[PDB]
Amino acid sequence: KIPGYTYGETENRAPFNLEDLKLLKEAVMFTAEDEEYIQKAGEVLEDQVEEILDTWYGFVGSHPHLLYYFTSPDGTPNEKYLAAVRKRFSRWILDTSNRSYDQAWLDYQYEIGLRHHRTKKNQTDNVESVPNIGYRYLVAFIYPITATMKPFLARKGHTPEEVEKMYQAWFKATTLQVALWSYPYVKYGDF
Amino acid sequence: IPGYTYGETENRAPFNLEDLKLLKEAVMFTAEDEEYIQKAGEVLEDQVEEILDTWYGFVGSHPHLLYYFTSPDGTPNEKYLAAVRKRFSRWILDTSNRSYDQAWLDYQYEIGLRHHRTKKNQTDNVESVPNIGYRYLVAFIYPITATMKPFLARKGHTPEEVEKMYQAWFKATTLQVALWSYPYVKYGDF
Ligand code: HEM
Ligand code: HEM
Ligand SMILES: NC(=O)c1cccnc1
Ligand SMILES: NC(=O)c1cccnc1
């Protein structure tokens, strides 16, 4: 059992529903074709997760203002916090590819948003860290999380055309999710 | 261009150049991207109309998106659509041609304000829906980025050149939408 991973058993119902999701999927051009290709992406990425995680953790670790969000008050990285989050982050890669984007998925999207936001940050792992991750950086991270995925999608010998379809599905899915995570950040009624 | 007030905004941006430096690092934007975004402008300048038609065609095909240009009776305000189109067209050029400096940041705050209820519908003096839900600005990062790709390949540049121009475009779009969250975000959570 992954500590803190509460998919399917969240405290709250999401403030967005399956009709909201339908319309947001339309805004990111996500269709049944992307459902298929995100699943195929999962098959390609599954045994590569550790190397993907090292790439993403390496990026954050190389910028003091980014590693900042995992630090103790003394400004040093909380290693227990980093490790605990890494397990759930790893599972998120699989979820994106393997879960149906249903109400349970949406409820967990709200949860992940709440956990980056001051509402729930630091509570899952019971750590003393910085209180909030500025929303500017969640949007910003759409780029690195999307673009640095591409070389991994090509590592199993798939053609550039099939890599392109898996990559676009990943881009769309990343964008869709960060959009949802904006909810706890955005003034009530403005989301 | 009616309503276009770049360099002449009545507010200073709440984010400064040090904020921009750090956000550029977050989207992996470097001097290389500075070069390639400028090169993208050279490629895209005389393609703006076809680019606009694609983006407008996407919005027009979805009632929940075209919604944001509608009059209270639910019918599209074509004057609103046309006036915005001119400033949207200029935005494409600005992204490629402006230094990302204080003037640029000031106008980034302005564009955010104009999507938000703070200033939406004031620039063109129209009556339309009061706010554009922030969910859709983030969402639009995908279509605004992805649909640009074919246009960057249309002037005979090499695949490596096209890819670099496209990555620069992706970074810049992401960067800008991040900034535009400011008026939407609960005070102190940005
Ligand atoms: C595309 C953007 C992002 C993605 C896909 C992402 C992914 C994730 C995931 C899957 C989790 C675990 C959720 C769970 O508890 O099950 C998480 C938590 C976390 N992430 Fe992110 N994240 C993003 C943006 C950011 C940014 C910009 C930072 C700043 C360094 C960051 C730092 C953190 C921290 C500190 C936690 C732990 C939060 C807590 O205390 O519960 N994330 N992220
Ligand atoms: C990547 C995301 C987006 C980009 C790059 C973008 C770009 C722009 C630009 C450049 C302008 C003109 C700014 C100026 O006044 O100089 C504008 C205004 C406008 N956009 Fe967007 N936009 C985005 C998201 C959206 C979305 C999701 C909608 C919903 C349909 C939308 C609808 C509008 C409307 C209605 C205006 C006029 C606002 C006003 O009354 O001032 N935009 N946009
Ligand atoms: N490195 C990252 O992008 C990251 C790691 C853990 C949680 N959220 C984001
Ligand atoms: N079509 C679009 O994405 C669009 C058009 C005008 C303003 N903002 C966004």
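Both ligands and their constituent atoms are indexed starting at 1 by order of listing. A note on names: the letters A, B, ... follow the listed sequences, proteins ahead of strands, and every chain is numbered from 1. Reckoned from all heavy atoms, side chains included, excluding hydrogens, waters and symmetry mates.
- Within ligand 2, the atoms closer than 4.0 Å to a non-hydrogen atom of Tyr136(B) are 27 (C), numbered from 1 in the order shown.
- Close contacts of ligand 2 with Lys120(B), meaning ligand atoms under 4.0 Å from a residue heavy atom, involve 35 (C), 40 (O).
- Aromatic rings from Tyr137(A) and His65(A) are positioned such that their centres are separated by under 6.0 Å.
- Under a 4.0 Å criterion applied to the non-hydrogen atoms of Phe88(B), ligand 2 contributes the atoms 6 (C), 7 (C), 8 (C), 9 (C), 10 (C).
- Residue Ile144(B) has at least one heavy-atom neighbour below 4.0 Å for each of these atoms of ligand 2: 1 (C).
- For atom 8 (N) of ligand 3, the closest heavy atom belonging to the protein is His116(A) NE2, 4.2 Å.
- Taking every heavy atom of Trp56(A) and a limit of under 4.0 angstrom, the matching atoms of ligand 3 come to 1 (N).
- The shortest distance between side-chain heavy atoms of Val84(B) and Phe69(B) falls below 4.5 Å.
- In this structure, a donor-acceptor pair under 3.5 Å is absent between the side chains of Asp74(A) and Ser72(A).
- Considering backbone and side-chain N/O atoms, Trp91(B) never comes within less than 3.5 Å of an N/O atom of ligand 2.
- The pair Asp47(A)-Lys156(A) counts as a salt bridge, with a side-chain nitrogen and a carboxylate oxygen less than 4.0 angstrom apart.
- Among all protein heavy atoms, the one lying closest to atom 30 (C) of ligand 2 is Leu65(B) O, 3.3 Å.
- Counting only N and O atoms by type, the side chains of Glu111(A) and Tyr7(A) include no donor and acceptor under 3.5 Å apart.
- For the residue pair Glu163(B) and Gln167(B), a side-chain donor N or O sits within less than 3.5 Å of a side-chain acceptor on the partner.
- Within a 6.0 Å radius of NZ in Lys164(B), no more than 12 heavy atoms belonging to other residues, nucleotides or ligands are found.
- Ring pair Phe30(A)/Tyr37(A): centre-to-centre distance not below 6.0 Å.
- Near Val177(B), the atoms of ligand 2 lying under 4.0 angstrom from a non-hydrogen atom of the residue are 1 (C), 2 (C).
- Under a 4.0 Å N-O distance rule, the pair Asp189(B)/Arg118(A) qualifies as a salt bridge.
- Set against the non-hydrogen atoms of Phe140(B), the atoms of ligand 4 under 4.0 Å away are 2 (C), 3 (O).
- For atom 32 (C) of ligand 2, the closest non-hydrogen atom of the protein is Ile132(B) CD1, 3.6 Å.
- Of the candidates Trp55(B), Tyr4(B), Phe69(B), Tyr6(B), it is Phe69(B) that places a heavy atom closest to atom 34 (C) of ligand 2.
- Figure legend: cation-pi geometry between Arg154(B) and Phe151(B), with NZ or CZ positioned under 6.0 Å from the six-membered ring centre and within 45° of its axis.
- At the top of the distance list for atom 40 (O) of ligand 2, counting protein heavy atoms only, stands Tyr80(B) OH, 2.6 Å.
- Distances below 4.0 Å separate heavy atoms of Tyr107(B) from the following atoms of ligand 2: 14 (C), 15 (O), 16 (O).
- Within the listing of ligand 2, atoms 39 (C), 40 (O) sit less than 4.0 angstrom from a heavy atom of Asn121(B).
- Using a 4.0 Å heavy-atom cutoff, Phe89(A) is listed among the residues neighbouring ligand 3.
- Taking every heavy atom of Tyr56(B) and a limit of under 4.0 angstrom, the matching atoms of ligand 4 come to 1 (N), 5 (C), 6 (C).
- On a distance-only criterion, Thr123(B) and ligand 2 share no N/O pair closer than 3.5 Å.
- Residues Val60(A) and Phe141(A) form a side-chain contact, since some pair of their non-hydrogen atoms from C-beta on lies under 4.5 Å apart.
- Ligand 2 has an N or O atom lying under 3.5 Å from an N or O atom of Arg87(B), backbone or side chain.
- Ring centers of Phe89(A) and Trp92(A): under 6.0 Å apart, within the cut-off.
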TODO: Test salt bridge (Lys or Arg N to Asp or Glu O under 4.0 Å) on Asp95(A) and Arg88(A) and set out the steps.
DONE: CA-CA 10 Å; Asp95(A) 285 343; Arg88(A) 302 192 294 273; over 6 Å; no
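- Ligand 2 places these atoms under 4.0 Å from at least one heavy atom of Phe140(B): 1 (C), 2 (C), 24 (C), 25 (C), 26 (C), 27 (C).
- Side-chain atoms of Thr174(B) come within 3.5 Å of backbone atoms of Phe170(B) as a donor-acceptor pair (strictly under, hydrogens ignored).
- Short contacts between ligand 4 and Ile144(B), defined as distances under 4.0 Å to a heavy atom of the residue, involve ligand atoms 3 (O).
- Aromatic rings of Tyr5(A) and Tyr108(A) (six-membered ring for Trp) have centroids within the 6.0 Å cut-off, being under it.
- Contacts of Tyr136(B) with ligand 4, taken as heavy-atom pairs under 4.0 Å, are absent altogether.
- Side chains of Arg12(B) and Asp106(B) form a contact here, defined as non-hydrogen atoms less than 4.5 Å apart.
- The atoms of ligand 3 that sit less than 4.0 Å from any heavy atom of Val85(A) are 6 (C), 7 (C).
- Closest to atom 29 (C) of ligand 2, if we only count protein heavy atoms, is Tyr68(B) CD1, 3.7 Å.
- Within the 4.0 Å heavy-atom criterion, neither part of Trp92(A) lies near ligand 3.
- Of all protein heavy atoms, the one closest to atom 3 (C) of ligand 2 is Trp180(B) CZ3, 3.7 Å.
- In this structure, atom 38 (C) of ligand 2 lies nearest to the protein heavy atom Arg114(B) O, 3.3 Å.
- Residue, atom and distance of the protein heavy atom nearest to atom 2 (C) of ligand 3 are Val60(A) CG2, 3.7 Å.
- How far CG of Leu21(A) is from CG of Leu180(A): 6.5 Å, rounded to the nearest 0.5 Å.
- With respect to atom 37 (C) of ligand 2, the closest heavy atom belonging to the protein is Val84(B) CG2, 3.4 Å.
- Protein heavy atom closest to atom 20 (N) of ligand 2, with residue, atom name and distance, is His115(B) NE2, 2.9 Å.
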